[PDB]
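Some notes on the structure that comes next.
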4 protein chains.
Amino acid sequence: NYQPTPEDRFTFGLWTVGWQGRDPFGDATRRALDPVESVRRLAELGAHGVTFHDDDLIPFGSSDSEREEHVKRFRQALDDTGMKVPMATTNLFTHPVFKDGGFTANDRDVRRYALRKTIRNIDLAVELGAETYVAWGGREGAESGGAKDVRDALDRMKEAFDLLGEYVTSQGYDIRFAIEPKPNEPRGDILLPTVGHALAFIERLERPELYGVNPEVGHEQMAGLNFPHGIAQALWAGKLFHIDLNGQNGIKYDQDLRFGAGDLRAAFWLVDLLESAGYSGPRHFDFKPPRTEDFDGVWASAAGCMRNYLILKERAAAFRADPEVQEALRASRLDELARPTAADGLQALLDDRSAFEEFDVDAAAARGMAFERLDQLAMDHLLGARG
Amino acid sequence: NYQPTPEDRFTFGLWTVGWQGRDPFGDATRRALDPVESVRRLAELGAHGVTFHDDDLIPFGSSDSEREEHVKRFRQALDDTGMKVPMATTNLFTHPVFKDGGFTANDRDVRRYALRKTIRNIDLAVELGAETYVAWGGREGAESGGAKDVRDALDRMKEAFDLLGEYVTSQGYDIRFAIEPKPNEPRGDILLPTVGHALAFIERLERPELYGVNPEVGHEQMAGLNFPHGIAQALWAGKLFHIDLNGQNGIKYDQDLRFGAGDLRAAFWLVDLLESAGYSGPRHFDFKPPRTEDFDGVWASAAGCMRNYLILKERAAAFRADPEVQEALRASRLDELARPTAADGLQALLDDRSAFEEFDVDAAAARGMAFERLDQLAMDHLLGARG
Amino acid sequence: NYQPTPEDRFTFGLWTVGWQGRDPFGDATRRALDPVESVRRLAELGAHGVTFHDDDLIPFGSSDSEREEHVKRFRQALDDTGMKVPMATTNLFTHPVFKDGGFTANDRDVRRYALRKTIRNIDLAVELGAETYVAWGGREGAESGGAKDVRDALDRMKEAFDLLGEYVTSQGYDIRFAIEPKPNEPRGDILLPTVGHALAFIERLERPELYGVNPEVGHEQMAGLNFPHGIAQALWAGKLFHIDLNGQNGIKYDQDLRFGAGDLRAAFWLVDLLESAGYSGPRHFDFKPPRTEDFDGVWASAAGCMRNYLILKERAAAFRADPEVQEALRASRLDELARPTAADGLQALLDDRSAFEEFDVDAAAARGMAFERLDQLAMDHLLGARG
Amino acid sequence: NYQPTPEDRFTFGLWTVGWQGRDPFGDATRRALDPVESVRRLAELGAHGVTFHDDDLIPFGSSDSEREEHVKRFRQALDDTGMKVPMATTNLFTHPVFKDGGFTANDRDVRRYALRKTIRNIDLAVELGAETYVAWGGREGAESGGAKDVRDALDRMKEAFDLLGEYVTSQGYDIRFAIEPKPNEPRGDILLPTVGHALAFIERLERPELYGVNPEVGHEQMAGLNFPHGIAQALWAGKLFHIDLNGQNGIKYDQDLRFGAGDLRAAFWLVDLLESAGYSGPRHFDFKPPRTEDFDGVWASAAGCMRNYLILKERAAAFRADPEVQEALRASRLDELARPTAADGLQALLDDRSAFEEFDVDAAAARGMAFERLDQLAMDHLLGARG
Ligand SMILES: [Ca+2]
Ligand SMILES: [Ca+2]
Ligand SMILES: [Ca+2]
Ligand SMILES: [Ca+2]
Ligand SMILES: [Mg+2]
Ligand SMILES: [Mg+2]
Ligand SMILES: [Mg+2]
Ligand SMILES: [Mg+2]
C-alpha cells in the first residue's frame, strides 16, 4: 500500500541521500555517493526527480572539461530513468570565503563573487529544465550586534536579488526565485528568519512577481511557529513557489528528520492544507538519513518520506469527506468564518443596532464553539480509529 | 543621574501600573487603581503620557452619563499634570464573547460587534489627541487545526482593517494604525505571529500607507527571534509607527518584565538602533510590576523602566563615538557593507574577471573579520569597563 | 470501540473539568461546577475516580459546620457512583498570601501556615482513602536573582518535607508523597524544575523511601525534554508514584491540552513504556477543556483523554508483539543493549585484546544500526498502516 | 584593568582555541594548532592551565613511539610556562565507531572498547597531574523511540561508571569523576540531559562519593533552565567538582560563545554565587572562537572570557558589600529565608495557634516583597550606574 509513483511529484536533493554524516561533533560515517547512483536508486523507489546545489553536481574548482563530463554523465542518468530536475540552488555556505555571507558579506569582493557563482549556475539550471531557483542565505546574519548593520545588509540583499531578476529577464528565461527562511544555524541569527520576514522583503524588490518562498517544515518549527499557519499565509499571498518537507522535534538544532517524523499532527494538518489548496509544485524532501545508518538505511529513510506523505493524504481526504465532520464544521461555524463580515458596507454596519446597541453579548458568549469534538474526529481519522 | 523628563517621550499603559496581579494560578494581590491616580503618580516620575484600552478608562457596560463622567475626570487629570495620550487601543480579548476572536471570530455577529466597539473608541482616541491606534489580536488563532481556516481568517482580518481605514478617511482623521504581533498566549497559536508576518499582511491592505507595526520586545523573544534585527527590518520598510518596551527571559509565557530586565545585551542593541535611526515616536512600556509587589514596588518598577533606557542610551552613544570603536568597525568592513555591490551594473559585473575568473578565493577566505575584538569593545562600553 | 471502564484506573482532578476558563487575559467563560455533579458526570464516562486540592472541595474560609456538609455531600456522591479518591493535594498557590511561595516563602510565618494547611488536608485525604499526596510548588522560585537564595530555599524545602514525613509516621498513616516538577509559570523560574532535579532532592531527605515523583507530560516538554526518557529514569529509580497526563505543543505557556493532543508520537512512546514496565498507579489527567467550550465540550474533551490512551495502548502492544518488529529489534542490537558490558569483571576486560589491541574499529563503525527501518515500522503501527 | 593571572585558576581546553571552524554547513576556516603553541599563547594571556581529550593531544591511531614524543613535547611546554593540567577527558564522540554511543552503544564490543580507551587516558591524566576526569556522553541517546531502551541504557551507564570507580580505587589514584550534562546535540535527545538528572543518577552508583557534575552554562540554557539555580542545587548536594564557562543565546544549537556573551545577567548571578559559596575549582572555559575569526581573533576571544569573569566578580562583590543593598535584602526578608521554619519541632508547630487558627492571612498577604527595588540596585551595580 502507499506506493509512490513519478506522478506524485516527490523530489530529493542530491545532498540528502548523499549526506556523508559529518555533524558538529563527528566525522563521516558513509562514503560519498556518485550523483548517477543516487538518480538510479531514487527512480527505483518511485521518485519524480532530484535537485542540486552547483557544488553537489560539479566539485568545486573543476576545469571546464571536467565540468562538461560531470554534466554529461548526470544527463545520461536522467535520460536512463525519466527523472526530472525541477529546482536548483547555489552553495553560498560551505567554502570558507562565505564565512560572513555571500550576498550580504561585509567584503564587497565576496558579494560580487557570490553573484557570479549564482549566475553561472542559473544558466545550468535552465539547461537542465528547472522551473524554480532557490536561495537559502544560511551565512547571512551575525553572532554579535556590531558585526552586521541589518538595514545595510537588507539593502545589499535587495540589490543582489534585483540584479538576478534583471539577469533572468535579459536572457528571456522563465525561471522564478524562491527564498528559503531559517531563524538560526549556522549563524547565531539569520536574516529573513521566517516565512513572514521573507514575504515582507519580496514586496520591496523591483519585480516582486518573480519571487516567492521555499518554506521548510523544520525551520519554522525552530522558532516554535505553526508550520501549517505559515503555509496558509504564503498561499494567501500567492507566493508558495516550492516547499521543503522533513521533521523536527521542537526548538533545537536543525534535525532534518524524514517527513512524518517530528511533529506528526502538524504533518497531518500540512498535507490537509496543501491538498485542499491544490498546490501543484514539487513535494521536495530536504532531509538527512541519520548518521547511525548504512546505505540500506539511507534508502529506507527516503522511502519513508514518501510513504508518510501518502498515508497522511489519505487520512486528511477521509476527514474532509466524512458527513459527520462536515456537520461538526457547521456546528463550529467554519462556514460563517468564510462569509464576509460586512458586505453591506461601512455605513450599513454603523446604522445596524443589532451590531452594538441591541447586540446580546451574553447570549453570544454562552454559545460553545464545539472545537474539542471536531478535533477528536480529526484524531480518530489520523489514527484509523473511527467508530 | 539618569532622571527622566517629559521630553524623553516615556509613556505607560493604564493597565501596566494598574495590573492587579491576577495570573493563570492566582488571585489579585493589589487593589484597582483610579486612572486619575495613575496619571498623577506617573507624571511625578517624569513620564510624558499614558495609553488605554477602551475598558481600562470606561468600565465595560457603562451608561452614557457614566462614560461622560469617567472621561471628564481623566481629562482634568491630564490638564492638571501636562500628560499626553499618544496612543489608544481596544480590548478585544477579556470579555467571554471574544473567546474565539474579535475580527476573526468564527461567529459573524461577534466580528461586527468587534468593529463597532473599535470604531466607538477611535472617536474617543482622536478627541484625546492620539496619533496611533494599536490592534493586538490576542484572541485571533486556535488551539487545534480544524477550528480555524487561516486563509479565511486572513480574508476577515483584511476586511476589518480595510473598513477601519475607510472609516478614518471618511471622518478626515489623521490617526494611523499599528498592528502588534505575538506568537502565542492566550491562544495556542496567534495569527500574524511576528513582525515579518504583520509587515507582509499590511502590503495586501487597500491603503497600506495607513498601517504599520507596534512590535513588543518580549513577543518576538517568545519565538526565540532577535528583537533588534526585527526592528531593523521594520525601519527598513518605513513601518515602525510605535513600540512596546519590556523584558523577557527566553521562550516561555509572556513575562512583561520591566525594560532592561530579561535580555540585557539585546536591550543595549535595541536602544543603539532606535537612537542611530532617529526613531521619533513614544518610548512606550507594556510591563507588569510582579504580583510580589505592593504599590511602592509598582512605582519603583515603573521608574526602573525609564532609568534603564537612559543608561543604555548613554552607553550606546559612547560606543559609537569612540575612535577606537570607529577603527574596529573599519577593520571589520562595516563601511564596505554600506557600499553598493555593483553600482557599475549587471553587464560590467559579468565582464569583470576580478569577480570570478581571477578572484583569489583563498586570500579572501584567510582574512579575519575581527568581530570578537569589536564585540568586547561593545561589552566594555555597556559595563563601564573601558581601559 | 475504545470504551473506558473503572478497571482502567482513569482519574481526573476536580479543577480540570471544573476549570471556569479564566486565563492570563480573559474572564471566566463557564459557571462553577458543584463537585457532586463532576463526580456523577465522570462516573457516567467510565472514570475510576477523582482528585482534589483542599480548596476545590471546601471553599477557602469555610466554618467547621460548612466543611462537614461539603465533605458529607461529596462522600455521598462517591458512594452513589463507586468513584474512588486515590490522590489529594494542597492549594499553596491561589491565595495572595502565597505570592512568594508556601514552603519556601521568605516570610517564616507563611512557611508555618503552609505546613499547617497541608497537615489538615493530609488528615482529610487519609479519611477519603488516598494513597498518594502530591506537592506542586508552583510559587517556589523567583523573577529576579537577588530575591531567592536557592541553597537557603532548598534547606527550607527539605525541612518542610521532613516535617510532613515525621507527621505521617507519627499517625501510622500509609500515605506516600509525590513531588510534581514544573520549570516555570507562574514564577519566572520554579525550584526543582524537572524530574531529574526532584529525584536528586529526594535523596537528601531524612526518609527518602516516603517520597517519589508525579511527572506531568506538558511540564517536562516546557523545557524541551523527552517525557518518555524522564519517565524511564523515574522508573529506573523506583520513584514513579503517580503521573499527570495531558498535551503540550512545545516550549510555551502550560497548555494542559487533553491527552493525545500536542506531541502525539511522544504520547505513543509514553504509553508503550508505562505498559511494558507494568506501572500500576492511577492514569490521572491534569487538563483544561479550552475556554472556547461549553459544558458539552468539557465532557467531550474528558472522554477524549481516555479514548486516546486506549488507542495508543492497542497500537504499542501490537508493535511489540509483531514478529517483524522483534526481528528489527535484534537487527538494531536492542537485545545486546540489555546484556552486561563486562560480567567477566574489570581484570578480564583489561586482559582482553579483543577490546582494544585487536579490536577492528573500522569493521564495527561500518555496521549500520537499522534504526530508520525500525522507526518506520513503529509509525506504520501507530497509524494503522501495516502492509 | 581586569588583568588575569595564574592565581585566578582560568583554564582552557586544547579543543577551544584549537577549533578549526568546521560546523554543520561549512569547512575549516583555520589551520590546526600544535598543542605546544596553544600552551605558550594561553600562558602569555595569564591562564593557569589547559585540559584535553585523549585525541586532542595524541592523534588517533598513533604508534607507542609517536605517543611518547607527543607527550614529551607537551610536558616540555608545561615546564617552560608553569601551566598545569587540572582536568582531562576522553573523546567518545568523533570516530564513526561511536555513532550510537560509547558506554551505552547498543553494540557490546563498542561499550568494552569505550571503557578501555577511557582507562588508558585516566593513566595519562594522573601522570600529568589531573584532579578531575570529565565524562560528556554526547553520543548517548537517540533520534527515535525504539532505538534505545532507556532503563537498559542507564544499567549500562551505571556498569561503566562503577568499573571506572573500581579501576581508580585499585590503582590508589586520587582522581574523581565529573559528569557533564547536555540535553540534545549531536543526538536528538541525550541521556542525563540536565544537572538534576546527573545528580540523581550518581546516587545509584556503588561509590557515589567518587562522582560529581561538570555543568556547562550553555547546556542548561539549551533547555531554557536557570543556570545559577542549577549550580546552587549542585553546591547544596556537595557535587560541584568542576564547571564549564561560556555563553548561549537561548534555545538553539550549542553556540559555545565566549563567557560573558549570551545571557549577561545570568553570568552576573553565576559569578555572585560561585564567589559567595567559595568554589575552589578551576574556572574552565569550553568555548569556540567564531569561525569568522583569524588567529588574532582566537586570542582576543580567549582574553575576553577571563576579562568578563573579572568584571562580573568586581560588580557582584560591590553589590553584596553595599549597606543600601544589605538593608534592601532585610526589607525583602532574605534573612528570614535562612532561618529554620520550625526549630521548635512538629508538636509545637501543631499547637501554635499563630500558625493557623489565629494567623492573619490578609495582613501577611498585604506585605510587599520589595523585590523590584532590590533588583534595580543589582542592575545599577552591574552597569556601574550607582547614584
Ligand atoms: Ca533544515
Ligand atoms: Ca507581552
Ligand atoms: Ca500543567
Ligand atoms: Ca557546549
Ligand atoms: Mg531546506
Ligand atoms: Mg504589548
Ligand atoms: Mg499537574
Ligand atoms: Mg563542555
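Just remember, in the C-alpha cells the first chain shown is A, the second B, etc., residues are 1-based per chain, and ligands are 1-based in the order shown.
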
- Message: Please identify all protein, DNA and RNA residues within 6 Å of ligand 6, counting only C-alpha atoms and all ligand atoms, and report them as a PyMOL selection string.
- Response: chain B and resi 216+244+286

Just-selected residues, N, CA, C and O atoms written as an mmCIF file, in the first residue's frame:
```
data_model
loop_
_atom_site.group_PDB
_atom_site.id
_atom_site.type_symbol
_atom_site.label_atom_id
_atom_site.label_comp_id
_atom_site.auth_asym_id
_atom_site.auth_seq_id
_atom_site.Cartn_x
_atom_site.Cartn_y
_atom_site.Cartn_z
ATOM 1 N N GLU B 216 6.660 44.353 20.175
ATOM 2 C CA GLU B 216 6.917 44.285 21.639
ATOM 3 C C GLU B 216 8.150 43.385 21.856
ATOM 4 O O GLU B 216 8.225 42.242 21.351
ATOM 5 N N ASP B 244 6.549 48.747 21.911
ATOM 6 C CA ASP B 244 6.316 48.333 23.301
ATOM 7 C C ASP B 244 7.639 47.782 23.869
ATOM 8 O O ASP B 244 8.221 46.802 23.348
ATOM 9 N N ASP B 286 5.053 48.460 28.047
ATOM 10 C CA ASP B 286 3.971 47.491 28.274
ATOM 11 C C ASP B 286 4.530 46.438 29.218
ATOM 12 O O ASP B 286 5.158 45.462 28.772
#
```

Contact check, chain C to ligand 7, at most 9 Å, counting only C-alpha atoms and all ligand atoms, closest pairs as a tab-separated table:
```
residue	atom	partner	partner_atom_place_in_ligand_line	distance
C:136	CA	ligand 7	1 (Mg)	7.5
C:180	CA	ligand 7	1 (Mg)	6.9
C:181	CA	ligand 7	1 (Mg)	8.5
C:182	CA	ligand 7	1 (Mg)	8.6
C:214	CA	ligand 7	1 (Mg)	7.9
C:215	CA	ligand 7	1 (Mg)	7.6
C:216	CA	ligand 7	1 (Mg)	5.5
C:217	CA	ligand 7	1 (Mg)	8.6
C:218	CA	ligand 7	1 (Mg)	8.6
C:219	CA	ligand 7	1 (Mg)	8.0
C:243	CA	ligand 7	1 (Mg)	8.3
C:244	CA	ligand 7	1 (Mg)	5.4
C:245	CA	ligand 7	1 (Mg)	8.0
C:246	CA	ligand 7	1 (Mg)	8.7
C:256	CA	ligand 7	1 (Mg)	8.4
C:285	CA	ligand 7	1 (Mg)	8.0
C:286	CA	ligand 7	1 (Mg)	5.1
C:287	CA	ligand 7	1 (Mg)	7.9
```

Selection above as a file: C-alpha atoms, as a compact mmCIF listing (two decimals), in the first residue's frame:
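Saved result, out-v6.txt, follows:
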```
# COMPACT_ATOMS: atom_id res chain seq x y z
CA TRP C 136 3.33 21.10 43.27
CA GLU C 180 5.40 17.40 40.81
CA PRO C 181 8.10 19.33 38.84
CA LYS C 182 7.48 22.34 36.56
CA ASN C 214 4.38 12.99 39.98
CA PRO C 215 5.74 13.98 36.49
CA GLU C 216 3.38 15.89 34.11
CA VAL C 217 3.69 15.44 30.28
CA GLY C 218 3.46 19.14 29.45
CA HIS C 219 5.82 20.33 32.25
CA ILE C 243 1.64 10.61 36.85
CA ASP C 244 -0.22 13.60 35.24
CA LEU C 245 -1.30 13.02 31.61
CA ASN C 246 -2.06 15.86 29.13
CA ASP C 256 -2.84 21.45 29.65
CA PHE C 285 -5.45 13.61 33.71
CA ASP C 286 -4.43 17.17 34.64
CA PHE C 287 -6.00 19.04 31.69
```

- Query: Quick one, how far is CA of residue 12 in chain B from CA of residue 131 in chain B?
  - Reply: 15.2 Å

- Message: Neighbouring residues of residue 9 in chain B were defined as those with any atom within 12 Å, considering only C-alpha atoms; residues of the same chain fewer than 6 positions away were excluded. Please report them as an MDAnalysis selection string.
- Response: chainID B and resid 43 46:50 83:86 242:243 279:285 306 309:310

List as a Markdown table every residue of chain B that is in contact with chain A, defined as an atom at most 7 Å from one of its atoms (using only C-alpha atoms), together with the nearest atom pair and the distance in Å rounded to one decimal, sorted by chain and then rising number.
```
| residue | atom | partner | partner_atom | distance |
| --- | --- | --- | --- | --- |
| B:96 | CA | A:365 | CA | 5.4 |
| B:97 | CA | A:365 | CA | 4.0 |
| B:106 | CA | A:337 | CA | 4.5 |
| B:107 | CA | A:336 | CA | 6.2 |
| B:108 | CA | A:341 | CA | 5.9 |
| B:109 | CA | A:355 | CA | 6.7 |
| B:111 | CA | A:341 | CA | 6.4 |
| B:112 | CA | A:355 | CA | 5.7 |
| B:113 | CA | A:355 | CA | 4.9 |
| B:116 | CA | A:356 | CA | 6.4 |
| B:144 | CA | A:375 | CA | 6.5 |
| B:145 | CA | A:269 | CA | 6.4 |
| B:146 | CA | A:375 | CA | 6.5 |
| B:147 | CA | A:371 | CA | 5.9 |
| B:150 | CA | A:232 | CA | 5.9 |
| B:151 | CA | A:236 | CA | 5.8 |
| B:152 | CA | A:338 | CA | 5.3 |
| B:153 | CA | A:337 | CA | 6.7 |
| B:156 | CA | A:341 | CA | 6.8 |
| B:163 | CA | A:346 | CA | 6.4 |
| B:189 | CA | A:226 | CA | 6.9 |
| B:196 | CA | A:197 | CA | 3.8 |
| B:197 | CA | A:196 | CA | 3.8 |
| B:199 | CA | A:200 | CA | 5.6 |
| B:200 | CA | A:200 | CA | 4.1 |
| B:223 | CA | A:223 | CA | 5.0 |
| B:224 | CA | A:223 | CA | 5.9 |
| B:226 | CA | A:189 | CA | 6.9 |
| B:229 | CA | A:150 | CA | 6.4 |
| B:232 | CA | A:151 | CA | 5.8 |
| B:233 | CA | A:151 | CA | 6.7 |
| B:236 | CA | A:151 | CA | 5.8 |
| B:269 | CA | A:145 | CA | 6.4 |
| B:333 | CA | A:106 | CA | 5.5 |
| B:334 | CA | A:106 | CA | 6.2 |
| B:336 | CA | A:106 | CA | 6.0 |
| B:337 | CA | A:106 | CA | 4.5 |
| B:338 | CA | A:152 | CA | 5.3 |
| B:340 | CA | A:156 | CA | 6.8 |
| B:341 | CA | A:108 | CA | 5.9 |
| B:346 | CA | A:163 | CA | 6.4 |
| B:355 | CA | A:113 | CA | 4.9 |
| B:356 | CA | A:113 | CA | 5.7 |
| B:361 | CA | A:97 | CA | 6.2 |
| B:364 | CA | A:97 | CA | 6.1 |
| B:365 | CA | A:97 | CA | 4.0 |
| B:371 | CA | A:147 | CA | 5.9 |
| B:374 | CA | A:146 | CA | 6.9 |
| B:375 | CA | A:144 | CA | 6.5 |
```

- Item | Residue list (helix (DSSP H, G or I), DSSP) for range 113-266 of chain B, as number ranges by chain | B: 113-127, 150-171, 195-202, 208-210, 217-221, 227-236, 264-266

- Using only C-alpha atoms, determine which residues lie at most 12 Å from residue 1 in chain D, disregarding the query and same-chain residues fewer than 6 positions distant; provide the list as a count of residues only. 11
